[PDB]
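Okay, structure first, notes after.
Quick note: the coordinates plus some simple rules give every number you see, no bench work behind them. Quick reminder, even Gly has a Cβ in these numbers, built from the backbone with ideal geometry, and neighbours come from all protein chains shown.
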Ligand SMILES: [Mg+2]
């Protein structure tokens, strides 16, 4: 019953959400390279959490009787200017994923692929948090600015991120 | 004491109530194909419920004495143009069943078969809900229309109905 | 993945399974007429049980993307020579169903439709138990023969079946 | 509000229920003598039930204003050929008492004493079970016939009746 | 389905049942003003109960596909001579109300509206208990006479009624 | 003690509280006649509550010895434009009755009838919640407006109210 088109559309978003994780992981290697262990953890946990959103979506596609192919994965950025510049790339990148989702939500309703539509809600519900929690840090990394005292303070705060 | 005409007239309503149930069963399959689980549930429970009407009357005919001969069952309509359409066909059908019963009611008067009269008062009452519950669900769909979000909101509501 | 060949073959099983139920309901009447209240009970439980064997399949097919259409149900044989002749029709009918199932399972391997193979193993098991639950009682009714009392004893046993 | 024609016709039905009670009580005596405890149990129970049916009407008459007088009660039969014949008298009398009620149902329709008509539907819906239980047993005693071992099985199954 | 003539005829009985409530509420106020709390309570319970009968019927109309329209309610009697005259009024009011329903029970049969006939059979029973309750009290207020210590006994006996 | 003027002014509030209840009931009929079962609930609950605001005061006047004369009640509005207009009429109406309480409260200060001034403080706190709960709704139906989906979402929410 699921459409040929939809399975294709979804297959790009599985293979995109895997790219998200591979990116954040690179950011962990960057935050590992400038001594920030909490930021490393936050990303290390982000890398895991994104992986599971693709796997939730992988499973769904297999449940509805669609076949999942996996295409190659691009080289993520290995370098940034500073912590603030990394989180500006995060915020921007999740906002692009936010719209990439809203498109599937539209495709699902145009086809009346209801089962899919309800399933995607979880990602419409999720992204609000990923956007807002990115921005919360982006605003703060500006407000803190060049002071290292407060940067290491926020470093420890993000070390306690789990799941 | 129970007349031969009654036993014939009833065996037809037992038979009719089973089709009334089978008809609801197919709508379930319909609503599954167009992805509406709660609309299907409603049907599932309705199929079950009408099947108990048939048994109620099955046992009455046996207790009263009459012998129950079962006729073959016709193939129900399997497709409808929209959910709205579907339920309009349901209302009409139960209004039709309301007629057949009100008839049997007068046939119990005009034979002076009081036992049967009183038995059938349940179905006189019962049908007041079947009409009303099905019309409420029609009205709603007309009021909703092609806003498919408002369709799902009601799909969930009908997902709750329980036996 | 489910091939159309299976979705057809299964819909036939469903429709045959529902006829199974409708047949015992007819026997429950028969056993109602001649006044064997446990024998009728036994049937009313098998009507119900066989009924749910059909909804198990219904949910599977629907859960797997196939489209379920409900065909016409044939009138059942409604009179038998005796309790023994009744129960010999049950045995031979269930021997026809047992065999009808093993033809599906073979198909399910040919289609390498493993999902359906495993789903059908429950129907294999449950036919061993209906074949032998029938033969326990066919044999007993012969052994009992025309002894009125034994019959009434066996009746009282059969009235304790609940599901 | 109640009429004197209606009050009068009721007191005979009360009377008539109490005789039904005495009659049955007299059967319990008979079934005692020929050495059947289970038919004595069945009778002693029906004795208590018929007796309660009258009181239900007694309280209704006293609730309606009317004054209840009690008349002398006839000697009930004391002897019967067989347990078979001793149930065929019960069928015939509970057939006559149903009839007796249906009259009282008609009386109320003419006088537009909807209060009484509406009260009597208990008895219309009750008397079904009274004719059926009676017939169900009547039919079984023909099937058994001269098998005393089966008579004592049926005897036992009628020993479990309560309240 | 449901006739126009019924939908108008039932909206009367709603109002009529709502008036039966307002009456019985104003009979409490009276008993209140002469110090009887048991008699007051009985009416306070009844006030709800007939209001309960009203909302039962309001629902049946709305269910059957009819529009309900609520008229203005008449000012009820405020005073009586005694307890006995109060409860002779209650017995006489319910008997008129009971006939008012037999009218609907017949009018239903006429329009072959078996769904209504059925629904109304509950009131036909119910009103049997209204008339018997009131007449049970009326006969008790006669036999008592002016025995104001019998009066206060019977007062307490009616303060054990409860609505549920 | 209680004054003649204070007892006159409370019969007015007892009789105005009832008209409020009768008004809310007639709004439950309006919301029923356009299919909104959650809104009808909300009005029925209100109908009941306001009636208990009356009886609370009905029992205070009787407790202080003063009499209760019950006048006739005006026919309330039957029809409205929309759900928004139906709740704009409610909000204006409860703000009339509030000001009306605020005049009585004064009447209690003026005359040094503190046992009443006290009693009424309960209405002074209540009307805040009567006005606020109405105003929170009035604002929502403007924001919603013609989106039938969100009309039905708000409808469902109201269906849960209970006292
Ligand atoms: Mg993401």
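Sort through A:107, A:6 and tell me the only one that's within 14 Å of chain C (Cβ to nearest Cβ), more than 30 Å from residue A:151 (Cβ to Cβ) and either buried (at least 16 other Cβ atoms within 10 Å of the Cβ) or under 17 Å from the mean Cα position of the chain (by Cα) (or both). Result of the check over A:107, A:6: A:6. Quick one: would you say residue C:43 is surrounded by fewer than 18 Cβ atoms within 10 Å (Cβ to Cβ) and either free of Cβ contacts under 8 Å to residues at least 40 places away in the same chain or within 14 Å of chain B (Cβ to nearest Cβ) (or both)? When the stated conditions are applied, residue C:43 does not pass them. The test for being in contact (Cβ under 8 Å) with a residue 24 or more places away in the chain, in a helix (DSSP H, G or I) and either away from the ligand (no atom under 16 Å from the Cβ) or at positive phi (or both) holds for residue A:116. Answer with yes or no whether residue A:121 is within 14 Å of chain B (Cβ to nearest Cβ), part of a helix (DSSP H, G or I) and within 16 Å of the ligand (Cβ to nearest atom). Yes. Restricted to the stretch A:49-59, and to residues there that are in contact (Cβ under 8 Å) with a residue 40 or more places away in the chain and out of contact with any helix residue (DSSP H, G or I) (no Cβ under 6 Å at 6 or more places or on another chain), the residue that is farthest from the ligand (Cβ to nearest atom) is A:56. The numbered conditions (1) more than 14 Å from chain F (Cβ to nearest Cβ); (2) surrounded by fewer than 14 Cβ atoms within 10 Å (Cβ to Cβ) are all true for residue E:101 except (2).
Of all the residues in the stretch B:67-83, those that are buried (at least 19 other Cβ atoms within 10 Å of the Cβ) and more than 9 Å from chain C (Cβ to nearest Cβ) number 1. Go through the stretch A:127-139 residue by residue and tally those that are crowded, with 16+ Cβ neighbours inside 10 Å and either on the phi > 0 side of the Ramachandran plot or out of contact with any helix residue (DSSP H, G or I) (no Cβ under 6 Å at 6 or more places or on another chain) (or both). So the answer is 1. Screening residue A:88 with (1) in contact (Cβ under 8 Å) with a residue 12 or more places away in the chain; (2) within 16 Å of the ligand (Cβ to nearest atom); (3) assigned to a helix (DSSP H, G or I); (4) more than 14 Å from chain B (Cβ to nearest Cβ) gives one miss only, at (2).
Scoring residue C:107 on the criteria (1) in a helix (DSSP H, G or I); (2) under 29 Å from residue C:7 (Cα atoms); (3) without any contact (Cβ under 8 Å) to a residue 12 or more places away in the chain leaves a single failure, condition (3). When residues in the stretch A:10-40 are screened for being away from the ligand (no atom under 15 Å from the Cβ), surrounded by fewer than 16 Cβ atoms within 10 Å (Cβ to Cβ) and within 22 Å of residue A:72 (Cβ to Cβ), 1 of them pass.
Has the stretch E:26-36 got at least one residue that is under 30 Å from residue B:124 (Cα atoms) and either over 16 Å from the mean Cα position of the chain (by Cα) or free of Cβ contacts under 8 Å to residues at least 12 places away in the same chain (or both)? No, that holds for no residue.
Scoring residue F:66 on the criteria (1) closer than 20 Å to residue E:22 by Cβ; (2) within 18 Å of the chain's Cα centre (by Cα) leaves a single failure, condition (2). Filtering the stretch C:48-66 to residues that are crowded, with 17+ Cβ neighbours inside 10 Å and more than 13 Å from chain B (Cβ to nearest Cβ) leaves C:50, C:53. Among the conditions (1) closer than 29 Å to residue B:36 by Cβ; (2) surrounded by fewer than 16 Cβ atoms within 10 Å (Cβ to Cβ); (3) more than 13 Å from the ligand (Cβ to nearest atom), residue A:143 misses just one, which is (1). Taking each residue of the stretch A:1-25 that is more than 15 Å from residue A:90 (Cβ to Cβ) and looking for partners that are in a helix (DSSP H, G or I) and within 12 Å of the ligand (Cβ to nearest atom) with beta-carbon atoms closer than 6 Å, six or more apart or interchain, yields A:14/A:54; A:14/A:57; A:18/A:54.
Of the numbered criteria (1) within 14 Å of chain B (Cβ to nearest Cβ); (2) away from the ligand (no atom under 16 Å from the Cβ); (3) touching a residue at least 24 places away in the same chain (Cβ under 8 Å); (4) in a helix (DSSP H, G or I), the one residue A:154 fails is (1).
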